[PDB]
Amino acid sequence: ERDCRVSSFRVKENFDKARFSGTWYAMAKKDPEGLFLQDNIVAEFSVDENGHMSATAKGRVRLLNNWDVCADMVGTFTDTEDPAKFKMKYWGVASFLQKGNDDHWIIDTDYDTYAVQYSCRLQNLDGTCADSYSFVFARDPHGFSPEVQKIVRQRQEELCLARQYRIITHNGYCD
């Protein structure tokens, strides 16, 4: 009975870019297809004078070579008609890192403790997502209380992603 069409997903009402600013530690992720950030993932969001949001993110990536590297990423976000839906242009500090443009949706956040992000890269003809990624972020590097765990779990179910996330660890590889 679950509607899994991307157009059906609810996103954060009246999303506030300034309140979302600062440091977020990725706690868990749902992988898309292909090359992606693996672990030790930390993003810092900021908003300029003109309200333009950008972010930096660091994380370990394993290259097609099996070459392990600490990627230093940059992203710039373009606002849309829905405050919680952006277009994210990204690139690496290193020329060999992937560059792209992804949808960047803030599904839910309380700004102070957690955030659930989503991106559908490829849709099926039926409107459902064929290739998606999702991060769960925390403000506190130690993670969340069981009560917040419950809220996150529900959002995971609502995106049709239950049981598809794995824990992201932080062990100083990129420090």
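Just count from 1 along the sequence shown to find any residue number.
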On mean C-alpha B-factor from the PDB entry, just flag whether 164 to 172 or 1 to 9 is the higher one. 1 to 9
Please work out which of 17 to 25 and 153 to 161 has the higher mean CA B-factor as recorded in the PDB entry. 153 to 161
Selection from 128, 66, 109, 132 [criterion: highest C-alpha temperature factor in the record]: 66
Please pick out which of 35, 55, 136, 41 has the largest Cα B-factor as recorded in the entry. 35
Test of reading the entry: by CA B factor among the chain's modelled residues, which third contains residue 76? lowest
Looking at the temperature factor on the CA atom of residue 148, which third of the chain's modelled residues does it land in? highest
Residue 47 by Cα B-factor - lowest, middle or highest third of the modelled chain: middle
Where does the C-alpha B-factor of residue 99 rank in its chain, lowest, middle or highest third? highest
For residue 122, return the chain-relative third of its C-alpha B-factor as stated in the PDB record: lowest, middle or highest. middle
